[PDB]
Protein chains: 4
Amino acid sequence: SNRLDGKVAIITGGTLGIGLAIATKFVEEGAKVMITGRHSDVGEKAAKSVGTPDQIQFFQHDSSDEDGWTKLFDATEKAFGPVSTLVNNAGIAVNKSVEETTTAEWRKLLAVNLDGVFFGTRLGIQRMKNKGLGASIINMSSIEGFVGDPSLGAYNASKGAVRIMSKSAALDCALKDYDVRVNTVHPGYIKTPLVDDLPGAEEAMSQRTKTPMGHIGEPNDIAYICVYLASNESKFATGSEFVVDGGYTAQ
Amino acid sequence: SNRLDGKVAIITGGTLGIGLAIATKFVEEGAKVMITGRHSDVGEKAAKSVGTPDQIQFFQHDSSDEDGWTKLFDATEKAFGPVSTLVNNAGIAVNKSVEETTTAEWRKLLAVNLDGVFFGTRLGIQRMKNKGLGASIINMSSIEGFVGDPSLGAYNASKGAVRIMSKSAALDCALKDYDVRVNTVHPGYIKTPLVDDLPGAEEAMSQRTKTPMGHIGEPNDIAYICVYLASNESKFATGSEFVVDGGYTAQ
Amino acid sequence: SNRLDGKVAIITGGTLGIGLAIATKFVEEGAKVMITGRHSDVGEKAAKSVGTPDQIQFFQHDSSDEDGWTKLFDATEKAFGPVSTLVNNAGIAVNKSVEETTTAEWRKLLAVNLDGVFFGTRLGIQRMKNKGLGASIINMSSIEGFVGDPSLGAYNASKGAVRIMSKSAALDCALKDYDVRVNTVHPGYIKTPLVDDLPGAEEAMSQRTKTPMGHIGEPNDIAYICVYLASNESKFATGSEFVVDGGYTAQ
Amino acid sequence: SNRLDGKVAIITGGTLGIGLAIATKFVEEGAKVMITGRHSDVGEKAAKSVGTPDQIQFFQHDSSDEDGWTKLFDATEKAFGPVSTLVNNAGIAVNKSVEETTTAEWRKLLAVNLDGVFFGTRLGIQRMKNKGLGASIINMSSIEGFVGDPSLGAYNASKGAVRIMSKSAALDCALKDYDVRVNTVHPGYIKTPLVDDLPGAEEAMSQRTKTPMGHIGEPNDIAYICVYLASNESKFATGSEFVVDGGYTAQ
Ligand SMILES: NC(=O)c1ccc[n+]([C@@H]2O[C@H](COP(=O)([O-])OP(=O)(O)OC[C@H]3O[C@@H](n4cnc5c(N)ncnc54)[C@H](OP(=O)(O)O)[C@@H]3O)[C@@H](O)[C@H]2O)c1
Ligand SMILES: NC(=O)c1ccc[n+]([C@@H]2O[C@H](COP(=O)([O-])OP(=O)(O)OC[C@H]3O[C@@H](n4cnc5c(N)ncnc54)[C@H](OP(=O)(O)O)[C@@H]3O)[C@@H](O)[C@H]2O)c1
Ligand SMILES: NC(=O)c1ccc[n+]([C@@H]2O[C@H](COP(=O)([O-])OP(=O)(O)OC[C@H]3O[C@@H](n4cnc5c(N)ncnc54)[C@H](OP(=O)(O)O)[C@@H]3O)[C@@H](O)[C@H]2O)c1
Ligand SMILES: NC(=O)c1ccc[n+]([C@@H]2O[C@H](COP(=O)([O-])OP(=O)(O)OC[C@H]3O[C@@H](n4cnc5c(N)ncnc54)[C@H](OP(=O)(O)O)[C@@H]3O)[C@@H](O)[C@H]2O)c1
Ligand SMILES: CC(=O)c1ccccc1
Ligand SMILES: CC(=O)c1ccccc1
Ligand SMILES: CC(=O)c1ccccc1
Ligand SMILES: CC(=O)c1ccccc1
Ligand SMILES: [Mg+2]
Ligand SMILES: [Mg+2]
């Protein structure tokens, strides 16, 4: 209760799964939220499922769309006032090794997972700095930003990039007294409707050689660390990686 | 409010500084707390300053005292019921390089910072496992568990040890379905009365080449990440390192 | 002497600085080498300065040029036989924070430092696998793949990407018994003619708060770790990061 | 050939396995070597198997024996002249979780793996500094200094300690211009006669979920990285971790 009072958050890919849970908990803690997603059908439903338009709205946007980022920030401020909090959560995966990744696949994934995060972080710093907002940028950077996976080559590239680019941004903001923190969150495997739609995926993810807890997480596991990072409770945390993975990376 | 309802926590070195702030926020969130420290004068005052004996008590103990750990767990359970949460926060520092560390200094520091954490973690697992408590062991492992400092040789050894020993414990608990999580917290420099008593220390800690934010933290910065880790909000986090350092390790 | 007997290496950006030193030591250890660079004037001079055409040749290529990679591998094999070793060393830097990076700057840097490394790694795996060559791909991934720098935002992104993408590739090659290893090398600051051309740069790099050794490295420092990684001496090393930085990242 | 000309090395636990291979390659590269071990029977045989007494000798010593360290350095200097190189390789393992580790087991393992490395590093700095030797201390710090293992609790503690204590020492030596480098080497699983004596161990170590290469290493894999680190080739490497693990930590 009240942990995000006054905050105004953008959550990319906020209409499903992890992003939707982050949105839900943000609203519960007093934030106003603009969620984005590619599909209006899904997105309007999602916003209404969380709260009323005075609490949460949807904005249709592909995070790779540089011009759309400007429109997104403007729409959010029009609805809720100046943005304090950005969660760069939108992302896609290609299930290919580096060897077998086509250049089109490479470019498509990087456009969302790397360029999109860059566009959001860059614009967020510019729009959120020097306003006394306790501003916070939270970049979703995966266990695949720490360890490789033989069949996630491009995804690994994107997540390693987000991990270290976020430190750069954190440092510049800190050094310049911008009142903007930047941190990364690194989920392990999380149960969502999309995982449920892939037969055997959860079971394979839950083997002890993968996730030592013997089961996978759930979207609220990621929501709660994001509440901490968005809140003023984490005012001394910047440039750091927050891993919530069931032990995946500990072995 | 209510984030630690029902929890029963031991916080070593809980009478001062970081430990005291962790205790204060734990009580505010509904936990019952036993704080430890070496000095009864300080410790009884500290407990009363936070709350009444039904909320928080003091137990005099040096964390290097193996036999005392058993007495501490027994006293805490007698007061509050079964322990769910342990914060291994007690620690000391020697301001010597490896080269200049005497063997007595080495042994003294390791007894508190390494043996003490081992004793607490080992006993905590045994006493807290398999009780449906949502048990959590939080080990204080420092930015000096990630980077070296030329004048903190023994301290660095102890903090690196705690960092990786905690992963071992996390994994065993996960694999055995013990319902015990183990994580480490890594503060950067934090302002306390002890720092205030060392002329020039805060200023040197606050130079941008040390802490990019240009100032040091405060005890509640560490309290809030500990609330998260003690709570069931972090039920999928185990074997991980949580850094709150003002950017120190990001550069 | 003889540590790279029989090896055939491509070194991108091999006409200057670090790349040139890697080429020089590779030839001294018995490898045949194709160096690349953008400028024929510089590149032909460089090759001849190291050895004769039976030892080392130049191929003009921008590592962002996907089609040129195919031509480079074909030219190298025509000259020297099947390629065993690839050093993805070509890279550029933009001296901008994330906030101040233009999209053109972002795309330009990623094209060389990320796409180029992807193109080389992908093609290298395909061309070098399953030939009994003891093949090795060495990706230059910087101290800026571990820590952020407030004025190297895009560079940090690229180096973090290379760091983790290389692990993916390493794992797939290992799991598939391809006889290809992939590792990253992370130089700290190294003295080159280009550094000498920036007044004050070496001095600033040599301050103890930057490089604890109080001076910067020299190109052969990076050459020697690359000899190790190219050689069969390192046949059990894959997916790892090799840092040669004067202590930069240790504090 | 000649890569360690003039060097004088102490290798603890040099009579078997990894240590013996390091000794063998050191002698081949021109170093004079004193190997240590607990058992004279084994140690004298081992030294003679590598070379003549003008190249390599044995000194009986338990690395936990603080007073014996002084005698070891004196004996080595008497035989070969001033010591330039120390490899802290002696170590033991206890196959217990943190939960199940007895205090006696804890103390025994730490005495060898942590105190012994401290004693050697401390004395090495004192004896090797400021002599123009290109001195190098190489501390064996394991993949178990990066990741936990549920049944290696005390071992993990010791290896994490060595990892970060070595950075402290590296930094102090660098900052004080001591001409001493300190680095850590982190083997994955390596085939030795002792591994061969444990039925099924190699096979379990070689499963892809453990070592992605599908086989384990051999002692010379660790010898060759130690040659690099002992040599002047690595004069800009200090405070760093060198992992040779078949991909174990990359996933
Ligand atoms: N859940 C897991 O099993 C798991 C495990 C490891 C890492 N992760 C990472 O964690 C992040 C969040 O996961 P999730 O569960 O929310 O994802 P999800 O349930 O798998 O659904 C995919 C998400 O990606 C977003 N997205 C993809 N392309 C987009 C685009 N062009 N523009 C805007 N949004 C786009 C979608 O946003 P919209 O629905 O709003 O259109 C959607 O929410 C992901 O980026 C993923 O890489 C997830
Ligand atoms: N605050 C900082 O500037 C800073 C920076 C980096 C890391 N840290 C680490 O964070 C941890 C918490 O810091 P802090 O601010 O609470 O410490 P502090 O204000 O500096 O005071 C020292 C603390 O160490 C505890 N302690 C030392 N020996 C003990 C023993 N034998 N038995 C029980 N307790 C013992 C004391 O416990 P009692 O008072 O209860 O007797 C006391 O709370 C420390 O372990 C420290 O290593 C602190
Ligand atoms: N030296 C340092 O101070 C330092 C410090 C940290 C990291 N690094 C990294 O280490 C790597 C090697 O450094 P260095 O000293 O060799 O570089 P350098 O002396 O600074 O010269 C720049 C190099 O980048 C290469 N390059 C840039 N764009 C290229 C392109 N489009 N196609 C082919 N080559 C291109 C050039 O190759 P050609 O000359 O052949 O055209 C040239 O060798 C660099 O990638 C750099 O990011 C260097
Ligand atoms: N080989 C592996 O499967 C493996 C895997 C991961 C990590 N490691 C680590 O790598 C290091 C080297 O392995 P290794 O193969 O040489 O060991 P090993 O073949 O398993 O034999 C044990 C070694 O430990 C040394 N040792 C134990 N206690 C000692 C003491 N009190 N004083 C002096 N030496 C002592 C012995 O030295 P002496 O024989 O001279 O008496 C012996 O060489 C070890 O410390 C180990 O922790 C090994
Ligand atoms: C971990 C991850 O990003 C992923 C993506 C698609 C399918 C399975 C896993
Ligand atoms: C960082 C730390 O532990 C310390 C301890 C004593 C004095 C100054 C710093
Ligand atoms: C470290 C690095 O890449 C760099 C590049 C250009 C100028 C100064 C440093
Ligand atoms: C990895 C390691 O140290 C070990 C020790 C004893 C038995 C098996 C493994
Ligand atoms: Mg792993
Ligand atoms: Mg640093």
Side-chain angles (χ1 to χ4, degrees), chain A residues 167 171 239, chain B residues 17-18 89 91-96 109 112-113 140-149 151-156 158-159 168 186-192 194-198 200-202 204-205 209-212 216-217 243 245 247-251, chain C residues 143-144 146-149 188 209-212 243 245 247-251, chain D residues 17-18 89 91-96 109 112-113 140-156 158-159 167-168 171 186-192 194-198 200-202 204-205 210-211 216-217 239 245 248:
Chain A
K167 295 182 181 282
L171 289 169
Chain B
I18 287 164
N89 167 258
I92 60 175
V94 170
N95 296 296
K96 293 291 202 67
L109 182 149
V112 176
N113 291 15
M140 217 49 79
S141 200
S142 192
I143 58 165
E144 306 304 330
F146 281 92
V147 292
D149 185 293
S151 297
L152 292 172
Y155 193 81
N156 279 138
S158 75
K159 296 304 190 180
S168 177
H186 301 259
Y189 284 95
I190 301 296
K191 184 177 173 72
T192 62
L194 281 176
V195 172
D196 296 343
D197 298 345
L198 298 166
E202 175 170 2
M205 291 163 176
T209 46
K210 296 301 219 152
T211 306
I216 66 176
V243 179
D245 73 354
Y248 189 108
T249 58
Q251 59 179 17
Chain C
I143 58 165
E144 306 304 330
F146 281 92
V147 292
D149 185 293
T209 46
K210 296 301 219 152
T211 306
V243 179
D245 73 354
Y248 189 108
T249 58
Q251 59 179 17
Chain D
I18 287 164
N89 167 258
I92 60 175
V94 170
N95 296 296
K96 293 291 202 67
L109 182 149
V112 176
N113 291 15
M140 217 49 79
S141 200
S142 192
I143 58 165
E144 306 304 330
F146 281 92
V147 292
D149 185 293
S151 297
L152 292 172
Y155 193 81
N156 279 138
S158 75
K159 296 304 190 180
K167 295 182 181 282
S168 177
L171 289 169
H186 301 259
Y189 284 95
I190 301 296
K191 184 177 173 72
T192 62
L194 281 176
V195 172
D196 296 343
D197 298 345
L198 298 166
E202 175 170 2
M205 291 163 176
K210 296 301 219 152
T211 306
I216 66 176
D245 73 354
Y248 189 108

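Naming: A, B, ... by sequence-line order, numbering from 1 per chain. These numbers come from the heavy atoms of this one structure, side chains and all, not from hydrogens, waters or symmetry mates. Ligands are counted one by one from 1 in listed order, and the atoms in each one are counted from 1 as well.
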Within-4.5 Å side-chain heavy-atom neighbours: D:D149 and D:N156: yes
Those atoms of ligand 8 less than 4.0 Å from some heavy atom in D:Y155: 3 (O)
N, O or S from B:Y248 under 2.8 Å to the Mg ion (ligand 10): no
Ring geometry between B:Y248 and B:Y189 (parallel below 30°, tilted from 30 to 60°, perpendicular above 60°): tilted
The Mg ion (ligand 10) reached by B:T249 (N, O or S, under 2.8 Å): no
Nearest-neighbour protein heavy atom for atom 8 (C) of ligand 8, which is reported as residue plus atom name and distance: D:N95 OD1, 4.3 Å
Nearest neighbour in protein (non-hydrogen) for atom 1 (C) of ligand 8: D:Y189 CE2, 3.4 Å
D:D245 and D:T211, any side-chain heavy atoms less than 4.5 Å apart: no
Ligand 8 atoms in contact with D:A93 (distance to a heavy atom under 4.0 Å): 5 (C), 6 (C)
Criterion side-chain contact (heavy atoms from CB on, under 4.5 Å) on D:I190 and D:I216, from CA distance to verdict: CA-CA 5 Å; D:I190 301 296; D:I216 66 176; over 6 Å; no
Heavy-atom side-chain contact between D:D196 and D:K191 under 4.5 Å: yes
